[PDB]
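To start, the structure itself, in structure tokens.
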Amino acid sequence: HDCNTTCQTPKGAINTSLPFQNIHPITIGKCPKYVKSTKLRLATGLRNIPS
Amino acid sequence: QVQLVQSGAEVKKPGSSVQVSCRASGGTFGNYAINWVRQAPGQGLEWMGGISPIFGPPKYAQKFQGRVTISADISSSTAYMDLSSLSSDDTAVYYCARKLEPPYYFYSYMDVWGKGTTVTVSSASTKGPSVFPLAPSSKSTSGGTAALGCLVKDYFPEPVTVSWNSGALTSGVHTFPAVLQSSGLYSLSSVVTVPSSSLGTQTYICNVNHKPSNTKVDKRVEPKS
Amino acid sequence: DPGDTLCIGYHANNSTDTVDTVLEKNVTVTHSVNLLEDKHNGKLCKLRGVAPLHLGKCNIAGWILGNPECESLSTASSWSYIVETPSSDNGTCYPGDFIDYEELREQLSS
Amino acid sequence: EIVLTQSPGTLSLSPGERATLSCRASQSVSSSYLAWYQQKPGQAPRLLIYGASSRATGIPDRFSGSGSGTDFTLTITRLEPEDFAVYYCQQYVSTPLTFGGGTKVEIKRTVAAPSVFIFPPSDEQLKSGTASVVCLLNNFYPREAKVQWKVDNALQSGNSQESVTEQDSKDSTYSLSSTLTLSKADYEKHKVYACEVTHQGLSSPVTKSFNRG
Amino acid sequence: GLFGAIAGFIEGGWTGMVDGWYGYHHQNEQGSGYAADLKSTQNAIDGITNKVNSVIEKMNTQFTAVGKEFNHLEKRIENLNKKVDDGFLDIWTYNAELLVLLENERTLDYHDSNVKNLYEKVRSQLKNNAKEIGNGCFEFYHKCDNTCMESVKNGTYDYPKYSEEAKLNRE
Amino acid sequence: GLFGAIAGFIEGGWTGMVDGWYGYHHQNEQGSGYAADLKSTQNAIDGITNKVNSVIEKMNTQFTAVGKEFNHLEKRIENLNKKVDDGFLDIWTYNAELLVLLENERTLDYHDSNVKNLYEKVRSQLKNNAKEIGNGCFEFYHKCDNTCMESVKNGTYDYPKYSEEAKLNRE
Amino acid sequence: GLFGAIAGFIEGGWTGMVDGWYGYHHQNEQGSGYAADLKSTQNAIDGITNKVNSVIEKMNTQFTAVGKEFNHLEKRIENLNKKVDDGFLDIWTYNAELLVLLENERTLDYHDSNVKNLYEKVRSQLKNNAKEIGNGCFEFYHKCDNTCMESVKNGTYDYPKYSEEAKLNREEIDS
């Protein structure tokens, strides 16, 4: 496709500043580290305890 | 150094989506709120929403509920305004803007603006302008002076740039704001008032330029009976 | 005489984001941010702004030797990576060994 | 909600003069969570006042905010030429953030009637099956102007289209250009084409016209 | 919670305070409402912002191409390349998972600490001019108008100004 | 240590409380003895349980065979393979060691925090109906039968019910 | 800080207390000066010392030669060797950076905890014999000579010895 990327995988390009990815271990470019995780969600706000 | 850098201006067909970027370049991104404000052509300012990436989730106005989403990429120091409640009256200039001195994590007022990204929602497609002359005459004269001009008709999209005698002629020129026709194309007129005597002797050429279609026309304008 | 009161408290909202902690799983927080990129565009893009060389139904051997099935391929003067398909097997149509083939492939990748 | 209406939509004043803009709110307003912006055409806003009367750094002293509750005012004490622009008021006590309609301060000046010209369509255009007649009002003030088209005395109704310039840097006058477009068919079917202009510095509507020939 | 405030002696959160993480609810004769504490919120935002940017930006990887190609007589180095690829996967996966777990735990504690401290800053100003009625609330032993309330949020509450009135009602 | 309770203002532990991590000792007219606080203990156990399971289970390795064989003319790749094996050894050793150190520290604070909060929940109930006599004990200023004791453990102690009697002995 | 004391209710530090991390300042009739709390300081020193040695000594690297040499027809393994080196580089850098950041935070909290605990330990001794005047100072409701001050620092303050005098001055001052 006539698109730009900085990190290409066999199944699609990734455009991201995030430090990790679970798309594919075999990549080309300046890429995030492959991990096996399915969720790396960092909390910033607080515990949510509505009324 | 603290500046917000908007994405390039864009033209999308009705029904589809647009995404506008806005890269901050100063300090550590994330601890300040970025607002997204929109301005239709010759219209007021409406606030769509905004985000402070870390304080909490995006907050939106009901006008755009379900049609807009705002996100942010915390590393790349960038916020994105995605709009795909697309119509033709979503055509406007889109500003991202923030407060500068703290506390600035919430949506308050705004010291610092981007330059804006103009966005035109039109099912038209690129077209060069045809250029006709507005000839002076005995009906385009009054006292010492007389008016002549160029009509820049049926072009898409904005903008056009007009100069007279390749920048030589300045005084008394009025290039009008273009208008959107029923065909979905723009037309504008450019006009000069000149001494009536200078007709015949001095030769007037308007230089039209439409970069989006790479057409550069130079039309000489002659008197008539 | 019920005196005026001032209470300290903290934000809560309608968010359903959950996060895990060392002591507790599935903790609902008012906001959170994702660290894991888990989506792609389903496309093979230009890298460094340079399009890849696509070999269609040919492999590198076939392309670089000029297998007649590869004549229709366009070859730019530069490219950022190479793409083959899993069914690309127009290679050495006359059988034999391609010496140091993988080394050549690596040399030609960009 | 909390919508803010500004009064008046336009404000005509000559330089050196006090301008006082107002901004009224549909709901009271939290202390002083009201800002004032200044937009000149083609640019993004500049922040003038925050709080309600707190002047933003950079802003010259002539600008001063005041008011509280549902009534705020922005006062400019000496209009400089730079100060002529649109001024929006904005609230921020609660989401959703809402702005005002905006007031445009324009340069007041002596009444000046337009020079009116008319341009029959070019031959070049006429070969392409449509005809555009341009009527031009040059150097008029105030901006309030009415343009009617009549062809063979018949008042055209859905096919004209105006567009006005912005106040001139030098003589701070306006200029206007409406154009009437017809099929070459209809253009050739009629003889006399006139645009009738009704301004206030024109004792009585001057109509310029031409015969097709 | 590590410090006992959030989900602790202050039982629940406030859907009515939308402008900040921590803040105040007051009721006096002239009115009632929520107000976020802007200073402590911005500080926490700054702290948490620094943390997120830290976790993201300290990873600065170089341009590499992961893939390697081996022929049928190079299986040993092919499995070596896989051992490498698999080793990194295990390392990054373990550390990314645990890192998040640990910082998420630390982040919630931090909020807990900030609320506790906010409460303590108020208790320390009021001393006995109010009664600690639990759930994070103080009941004043004197009339407290909006001016008074603001001094408390800003930390310039005048204990002696109200000390006489309070002692009367306390007795 | 961080919170001051364990080995802090409560100097030592109780070999006599065998049914839980944290708990209570009472003596009144109808008796005396230890009783574990079941809720807070179970909560901590669930927390630490989750903690142990995370450290173990977040490691999800694939089927691999570490050994590799190289002939006498492949010394360089043999040393590459050795560099691989030793780098992994160094990483895992460092990270496992530090991980354990950190979580062990975090675990001790956590228990410490829990004891502190327990004490605080009681102190907050009793107010001046009892005297804080240090070492984590409260001496009641009124008669406290078993029902009363349970209300304290239950978080439903009735301060106004006993406040008069308490004020009397307190004079 | 996490515990609210350092840069908290005790607003600033003492350049005049040079013999310890945490300690005491007193002023009475016979004088005034600083004194470090030696026990709490040594304990904290022991903790941080142990911490530093752990971060340093748990790393026990073996003898290696990183460099590898490949000829022009061994580019693939050269890139594998580089991927190894770059992979290690990325890991150690990320882990060292975060490690330092996390432990620095833990270290500052620790000091903060220690000061709070010292303050609380004194408050628990003094009880109603003094007034908490904020900023970490206690103003005694009775005369406290050098012997008295030391008992507080050593943890043997005799509450009942001074309770009467204090009660007189406390209800006198509170009118």
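Scheme for the structure tokens: letters A, B, ... for chains in order shown; per-chain residue numbers from 1; ligand numbers from 1 in order shown.
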Among the residues of stretch 177-209 of chain D, find those DSSP assigns to strand (DSSP E or B) from the backbone and print them as a PyMOL selection string.
chain D and resi 177-183+192-198+206-209
Using only N, CA and C atoms, please write the residues we just selected to a file, as a PDB file, in the first residue's frame.
ATOM      1  N   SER D 177     -18.668  42.088  -4.527  1.00  0.00           N
ATOM      2  CA  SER D 177     -18.762  41.541  -5.878  1.00  0.00           C
ATOM      3  C   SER D 177     -19.778  40.420  -5.929  1.00  0.00           C
ATOM      4  N   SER D 178     -20.975  40.718  -6.405  1.00  0.00           N
ATOM      5  CA  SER D 178     -21.948  39.690  -6.723  1.00  0.00           C
ATOM      6  C   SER D 178     -21.837  39.316  -8.179  1.00  0.00           C
ATOM      7  N   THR D 179     -22.043  38.046  -8.493  1.00  0.00           N
ATOM      8  CA  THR D 179     -22.078  37.618  -9.887  1.00  0.00           C
ATOM      9  C   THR D 179     -23.305  36.760 -10.165  1.00  0.00           C
ATOM     10  N   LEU D 180     -23.914  37.003 -11.322  1.00  0.00           N
ATOM     11  CA  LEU D 180     -25.142  36.361 -11.765  1.00  0.00           C
ATOM     12  C   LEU D 180     -24.770  35.436 -12.909  1.00  0.00           C
ATOM     13  N   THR D 181     -25.137  34.172 -12.793  1.00  0.00           N
ATOM     14  CA  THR D 181     -24.763  33.162 -13.765  1.00  0.00           C
ATOM     15  C   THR D 181     -25.976  32.535 -14.426  1.00  0.00           C
ATOM     16  N   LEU D 182     -25.911  32.391 -15.750  1.00  0.00           N
ATOM     17  CA  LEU D 182     -27.012  31.880 -16.548  1.00  0.00           C
ATOM     18  C   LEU D 182     -26.492  30.923 -17.599  1.00  0.00           C
ATOM     19  N   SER D 183     -27.383  30.072 -18.101  1.00  0.00           N
ATOM     20  CA  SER D 183     -27.030  29.261 -19.253  1.00  0.00           C
ATOM     21  C   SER D 183     -26.917  30.169 -20.459  1.00  0.00           C
ATOM     22  N   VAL D 192     -31.480  43.333 -21.931  1.00  0.00           N
ATOM     23  CA  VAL D 192     -30.913  44.286 -20.973  1.00  0.00           C
ATOM     24  C   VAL D 192     -30.673  43.659 -19.614  1.00  0.00           C
ATOM     25  N   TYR D 193     -29.463  43.830 -19.103  1.00  0.00           N
ATOM     26  CA  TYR D 193     -29.051  43.256 -17.834  1.00  0.00           C
ATOM     27  C   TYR D 193     -28.648  44.363 -16.870  1.00  0.00           C
ATOM     28  N   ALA D 194     -29.326  44.469 -15.735  1.00  0.00           N
ATOM     29  CA  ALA D 194     -29.054  45.542 -14.793  1.00  0.00           C
ATOM     30  C   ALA D 194     -28.949  45.016 -13.375  1.00  0.00           C
ATOM     31  N   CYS D 195     -28.000  45.556 -12.602  1.00  0.00           N
ATOM     32  CA  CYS D 195     -27.912  45.342 -11.160  1.00  0.00           C
ATOM     33  C   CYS D 195     -28.213  46.648 -10.450  1.00  0.00           C
ATOM     34  N   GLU D 196     -29.117  46.604  -9.484  1.00  0.00           N
ATOM     35  CA  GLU D 196     -29.623  47.767  -8.763  1.00  0.00           C
ATOM     36  C   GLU D 196     -29.111  47.780  -7.317  1.00  0.00           C
ATOM     37  N   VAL D 197     -28.393  48.831  -6.920  1.00  0.00           N
ATOM     38  CA  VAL D 197     -27.645  48.876  -5.665  1.00  0.00           C
ATOM     39  C   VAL D 197     -28.268  49.874  -4.699  1.00  0.00           C
ATOM     40  N   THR D 198     -28.654  49.443  -3.514  1.00  0.00           N
ATOM     41  CA  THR D 198     -29.237  50.343  -2.540  1.00  0.00           C
ATOM     42  C   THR D 198     -28.396  50.561  -1.305  1.00  0.00           C
ATOM     43  N   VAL D 206     -28.838  53.519  -7.324  1.00  0.00           N
ATOM     44  CA  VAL D 206     -28.287  53.668  -8.646  1.00  0.00           C
ATOM     45  C   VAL D 206     -28.180  52.375  -9.375  1.00  0.00           C
ATOM     46  N   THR D 207     -28.781  52.258 -10.546  1.00  0.00           N
ATOM     47  CA  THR D 207     -28.749  51.029 -11.313  1.00  0.00           C
ATOM     48  C   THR D 207     -27.925  51.062 -12.586  1.00  0.00           C
ATOM     49  N   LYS D 208     -26.806  50.349 -12.634  1.00  0.00           N
ATOM     50  CA  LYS D 208     -25.995  50.261 -13.823  1.00  0.00           C
ATOM     51  C   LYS D 208     -26.473  49.083 -14.650  1.00  0.00           C
ATOM     52  N   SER D 209     -26.394  49.209 -15.974  1.00  0.00           N
ATOM     53  CA  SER D 209     -26.933  48.194 -16.872  1.00  0.00           C
ATOM     54  C   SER D 209     -26.192  48.199 -18.195  1.00  0.00           C
TER      55      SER D 209
END
Give the superposed chain F as a short mmCIF file (atom, residue, chain, number, x, y, z; two decimals) with C-alpha atoms, in the first residue's frame, the fit being least squares on chain E over all ordered C-alpha pairs.
data_model
loop_
_atom_site.label_atom_id
_atom_site.label_comp_id
_atom_site.auth_asym_id
_atom_site.auth_seq_id
_atom_site.Cartn_x
_atom_site.Cartn_y
_atom_site.Cartn_z
CA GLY F 1 -4.62 0.62 51.03
CA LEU F 2 -1.26 1.07 52.45
CA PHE F 3 -2.14 4.42 53.93
CA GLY F 4 -5.66 3.76 54.99
CA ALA F 5 -7.48 6.58 53.28
CA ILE F 6 -8.82 5.46 49.93
CA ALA F 7 -11.39 2.74 50.52
CA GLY F 8 -10.29 3.09 54.10
CA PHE F 9 -11.56 5.70 56.46
CA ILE F 10 -12.94 7.53 53.42
CA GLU F 11 -15.10 4.78 52.05
CA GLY F 12 -15.99 5.90 48.56
CA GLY F 13 -15.32 8.42 45.85
CA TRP F 14 -17.26 11.40 44.56
CA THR F 15 -18.63 11.35 41.02
CA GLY F 16 -19.52 14.92 41.74
CA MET F 17 -15.95 16.20 41.95
CA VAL F 18 -15.22 16.28 38.28
CA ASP F 19 -12.44 18.89 38.13
CA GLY F 20 -9.70 17.08 40.01
CA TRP F 21 -8.45 13.93 41.64
CA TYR F 22 -8.64 15.03 45.20
CA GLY F 23 -10.70 17.73 46.72
CA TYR F 24 -13.29 19.02 49.13
CA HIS F 25 -16.97 19.09 49.83
CA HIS F 26 -18.41 21.82 52.05
CA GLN F 27 -21.81 22.84 53.33
CA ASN F 28 -22.34 26.13 55.15
CA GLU F 29 -25.08 28.70 55.36
CA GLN F 30 -24.24 30.34 52.07
CA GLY F 31 -24.27 27.07 50.17
CA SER F 32 -22.73 23.63 49.62
CA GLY F 33 -20.76 21.92 46.86
CA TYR F 34 -17.65 20.14 45.63
CA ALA F 35 -14.37 21.75 44.78
CA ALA F 36 -11.22 20.06 43.56
CA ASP F 37 -7.92 20.89 45.22
CA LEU F 38 -5.98 22.19 42.27
CA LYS F 39 -2.51 22.17 43.75
CA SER F 40 -2.36 18.61 45.05
CA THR F 41 -4.03 17.25 41.91
CA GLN F 42 -1.59 18.98 39.62
CA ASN F 43 1.30 17.72 41.65
CA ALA F 44 0.14 14.14 41.42
CA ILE F 45 -0.56 14.45 37.74
CA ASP F 46 2.94 15.75 37.20
CA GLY F 47 4.29 12.83 39.20
CA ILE F 48 2.36 10.17 37.38
CA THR F 49 3.08 11.89 34.10
CA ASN F 50 6.71 11.66 34.78
CA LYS F 51 6.15 8.04 35.67
CA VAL F 52 4.39 7.11 32.47
CA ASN F 53 6.97 8.95 30.36
CA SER F 54 9.81 7.15 32.14
CA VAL F 55 8.43 3.68 31.54
CA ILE F 56 7.93 4.41 27.88
CA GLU F 57 10.91 6.51 26.96
CA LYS F 58 13.67 4.65 28.85
CA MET F 59 13.32 1.99 26.13
CA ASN F 60 15.50 3.16 23.32
CA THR F 61 15.82 0.48 20.67
CA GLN F 62 17.92 0.72 17.47
CA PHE F 63 17.04 -0.16 13.88
CA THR F 64 17.12 -3.94 13.54
CA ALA F 65 15.59 -6.64 11.36
CA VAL F 66 14.71 -9.66 13.48
CA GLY F 67 14.33 -12.31 10.80
CA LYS F 68 17.18 -14.66 9.96
CA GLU F 69 17.35 -17.38 7.27
CA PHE F 70 19.13 -20.72 7.55
CA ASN F 71 19.38 -23.65 5.15
CA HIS F 72 18.71 -27.31 6.03
CA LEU F 73 22.35 -27.88 7.11
CA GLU F 74 22.36 -24.96 9.54
CA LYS F 75 19.82 -26.34 12.04
CA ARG F 76 22.06 -25.78 15.05
CA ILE F 77 22.52 -22.09 14.39
CA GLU F 78 18.86 -21.82 13.55
CA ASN F 79 18.18 -23.16 17.04
CA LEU F 80 20.75 -20.76 18.46
CA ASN F 81 18.85 -17.95 16.79
CA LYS F 82 15.65 -19.38 18.17
CA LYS F 83 17.12 -19.59 21.63
CA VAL F 84 18.04 -15.94 21.23
CA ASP F 85 14.59 -14.89 20.14
CA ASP F 86 12.85 -16.93 22.82
CA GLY F 87 15.14 -15.76 25.63
CA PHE F 88 14.41 -12.18 24.73
CA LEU F 89 10.74 -13.01 24.60
CA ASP F 90 10.86 -14.54 28.06
CA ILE F 91 12.82 -11.68 29.58
CA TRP F 92 10.67 -8.91 28.18
CA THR F 93 7.50 -10.69 28.95
CA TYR F 94 8.42 -11.35 32.52
CA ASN F 95 9.86 -7.94 33.15
CA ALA F 96 7.05 -6.04 31.47
CA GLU F 97 4.44 -7.96 33.36
CA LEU F 98 6.08 -7.55 36.71
CA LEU F 99 6.96 -3.93 36.03
CA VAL F 100 3.35 -3.07 35.38
CA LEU F 101 2.20 -4.97 38.43
CA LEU F 102 4.69 -3.09 40.61
CA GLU F 103 4.06 0.32 39.30
CA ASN F 104 0.33 -0.10 39.40
CA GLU F 105 0.67 -0.99 43.02
CA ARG F 106 2.91 1.93 43.62
CA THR F 107 0.48 4.22 41.88
CA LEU F 108 -2.46 3.24 44.07
CA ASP F 109 -0.51 3.78 47.27
CA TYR F 110 0.52 7.15 45.97
CA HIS F 111 -3.01 8.39 45.50
CA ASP F 112 -3.85 6.87 48.87
CA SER F 113 -0.96 8.66 50.41
CA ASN F 114 -2.05 11.97 48.87
CA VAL F 115 -5.56 11.75 50.24
CA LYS F 116 -4.30 10.95 53.71
CA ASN F 117 -1.95 13.95 53.64
CA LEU F 118 -4.71 16.26 52.48
CA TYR F 119 -6.89 15.15 55.34
CA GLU F 120 -4.03 15.55 57.73
CA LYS F 121 -3.23 19.08 56.55
CA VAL F 122 -6.76 20.11 57.39
CA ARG F 123 -6.96 18.21 60.66
CA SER F 124 -3.77 19.87 61.72
CA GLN F 125 -5.23 23.33 60.99
CA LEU F 126 -8.62 22.99 62.57
CA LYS F 127 -7.45 21.37 65.81
CA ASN F 128 -10.38 21.51 68.30
CA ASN F 129 -12.28 24.17 66.42
CA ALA F 130 -13.94 21.25 64.64
CA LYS F 131 -14.90 17.65 65.30
CA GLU F 132 -13.52 14.70 63.36
CA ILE F 133 -16.75 12.88 62.53
CA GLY F 134 -15.17 10.06 60.51
CA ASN F 135 -15.47 9.28 56.84
CA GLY F 136 -13.16 12.16 56.20
CA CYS F 137 -15.46 14.96 57.43
CA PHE F 138 -14.95 17.70 59.97
CA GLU F 139 -17.92 19.40 61.60
CA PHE F 140 -17.03 22.92 62.59
CA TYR F 141 -17.67 24.14 66.10
CA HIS F 142 -18.12 27.70 64.69
CA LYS F 143 -19.76 29.45 61.74
CA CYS F 144 -17.62 29.03 58.64
CA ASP F 145 -18.43 31.35 55.76
CA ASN F 146 -16.88 30.93 52.32
CA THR F 147 -13.88 33.05 53.23
CA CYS F 148 -13.28 30.74 56.14
CA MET F 149 -13.69 27.68 53.89
CA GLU F 150 -11.12 29.09 51.51
CA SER F 151 -8.67 29.74 54.30
CA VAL F 152 -8.87 26.07 55.18
CA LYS F 153 -8.33 25.03 51.59
CA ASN F 154 -5.56 27.63 51.41
CA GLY F 155 -3.73 26.45 54.52
CA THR F 156 -4.27 29.79 56.28
CA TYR F 157 -7.19 29.00 58.56
CA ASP F 158 -7.07 31.29 61.61
CA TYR F 159 -7.34 29.01 64.66
CA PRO F 160 -7.20 31.83 67.24
CA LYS F 161 -9.81 33.87 65.42
CA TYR F 162 -12.48 31.26 66.07
CA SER F 163 -11.20 29.46 69.14
CA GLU F 164 -13.47 31.27 71.61
CA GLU F 165 -16.64 30.69 69.61
CA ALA F 166 -15.53 27.11 69.07
CA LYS F 167 -14.83 26.52 72.73
CA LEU F 168 -18.32 27.81 73.56
CA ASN F 169 -20.25 25.43 71.37
CA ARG F 170 -17.89 22.73 72.41
CA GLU F 171 -18.64 23.69 76.03
#
Rounded to one decimal, what separation in Å do you get between atom CA of residue B:220 and atom CA of residue B:207?
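We find that atom CA of residue B:220 and atom CA of residue B:207 lie 8.9 Å from each other.
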I need the chain G residues near chain A as a PyMOL selection string; criterion: at most 12 Å, counting only C-alpha atoms.
chain G and resi 86-87+90-91+94
Interatomic distance between atom CA of residue C:38 and atom CA of residue C:18?
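Those two atoms sit 17.1 Å apart.
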Taking only residues of chain D that have an atom at most 10 Å from an atom of chain E, what is each one's shortest atom pair and its distance in Å to one decimal, using only C-alpha atoms, in chain and number order, as a tab-separated table?
residue	atom	partner	partner_atom	distance
D:93	CA	E:19	CA	9.7
D:94	CA	E:19	CA	8.6
D:95	CA	E:19	CA	9.5
